[PDB]
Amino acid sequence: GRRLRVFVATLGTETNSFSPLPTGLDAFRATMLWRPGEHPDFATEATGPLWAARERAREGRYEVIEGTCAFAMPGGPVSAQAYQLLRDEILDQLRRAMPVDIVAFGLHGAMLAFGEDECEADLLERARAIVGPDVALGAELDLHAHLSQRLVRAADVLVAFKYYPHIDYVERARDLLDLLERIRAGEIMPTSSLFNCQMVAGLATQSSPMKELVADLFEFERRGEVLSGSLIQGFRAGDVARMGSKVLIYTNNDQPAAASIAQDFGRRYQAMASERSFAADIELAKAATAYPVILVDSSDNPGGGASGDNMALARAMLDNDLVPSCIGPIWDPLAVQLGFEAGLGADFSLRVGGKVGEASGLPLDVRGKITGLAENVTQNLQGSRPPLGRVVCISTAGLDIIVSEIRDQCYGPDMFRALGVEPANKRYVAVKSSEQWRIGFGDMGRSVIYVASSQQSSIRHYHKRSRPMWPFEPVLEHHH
């Protein structure tokens, strides 16, 4: 009758192997570095397992032991020192918590660190070394993860997000805990299968053809044909052998049935597999007649690991007279400092962006006036308020350039309004974002143009990616 004992912790990030930006402890602190007891009373996509356990503890069926919850925004690989420090802190907490019955981790699945290409398996395997084989070890994962057979063997069960945009974190956690409970009570013996679709492909879960595949997977779980099923869309920017789109199926003591079901959903994904220049996109933009027009620099979306400091669209806007216009948020902490030292109303030259690496392009020399200075701009992201920090607006030839000291994407038009710019009255509103800007902008846009990279000539060189993989190379074998 003892309330089951359940360890919960979180360590994760979406590594862009091509980002020159580091993901150290500073980064985890900028987004999430909550040590035991510091986790707020609001849910996070990375801390789902803890939330449902807290809930089941209120229900009086669980005694949560909480460890460090760490998460960092998309960037380059984690430093060996940072990953090691957080990994060992969480593992020490698990030791001090012994004895436990269920261990449930919130992980991403695509965290790459220097010296570790299988970080999630390391943590889970180093966990079983302490808990033993009779404790239920499991983890929640982002569908943008890198699944390996090593990771599947490192845990009793792994449950991933079913939805992108990622909405189902708490519900997937409840599913994981339910399964981990049945595994502890010896009511279920998990048999698993991982199918490599030999492809890296991504589709939103709310539109066809993916909506029906995700639904059919939920139906198999409800009908009990599968204990749990996860479609791993993957993260193309992780240069690692485990990268790729995959399907993971678990069944109750029927591994052949897992392999068939996994193969069926994986071939449907392979079938759902469905050239553009920067200049053409700027020409298309110059042809727009319905304002406001939203220009999305998805190539420089910080939410995908980009630095958010490429100034090609800003340069193209001023050269092709795409004004009145606004652009942001651009990451140039030095430029924020210099604009602040100059003062509101100052007409001066500022070098903006082009500073982190080669994907940032050459900097833009702007002659303009400081038309805005804000000390702590924040935006509304799913109830939360992630900061832009000190922010500057410099206005040049009709372009209002918003520069931030904290790197982030644009989540709506209030970040520009904070600096005296009204995006609805603009001809063109350029955002460093991909799809999450649509949260706050709503119906403001009469047209949207996803802008291509100004550096399509610079090709990504992968060093550890599995070949053949789509769409990098043709795949002509499916039987081994």
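Quick note: we count residues from 1 along the sequence shown, nothing fancier.
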Open item on the list: Our gap detector needs a label for residue 274 to residue 275. Which class matches the unmodelled residues of the deposited sequence there: none, 1 to 3, 4 to 9, or 10 or more?
Closed with: 4 to 9
Task: 234-242 versus 215-223 - greater average Cα B-factor per the deposited record - done: 215-223
TODO: Between 381-389 and 120-128, point out the one with the higher average CA B-factor as the PDB entry records it.
DONE: 381-389
- [ ] Report the option among 142, 408, 309, 171 whose CA atom has the maximum B-factor in the deposited record.
- [x] 171
- [ ] Compare the CA B factors listed in the entry for 110, 335, 326, 287 and report the winner.
- [x] 287
- [ ] Just say lowest, middle or highest third for the CA B-factor of residue 66 relative to the other modelled residues in its chain.
- [x] highest
Task: Within-chain third of residue 460 by Cα B-factor, per the entry - done: highest
TODO: Rank-wise, by C-alpha B-factor, drop residue 21 into the lowest, middle or highest third of its chain.
DONE: highest
Task: Where the record places residue 397 (Cα B-factor, split into thirds across the chain) - done: lowest
Open item on the list: Taking only the Cα B-factors deposited for this chain, tell me whether residue 33 sits in the lowest, middle or highest third.
Closed with: middle
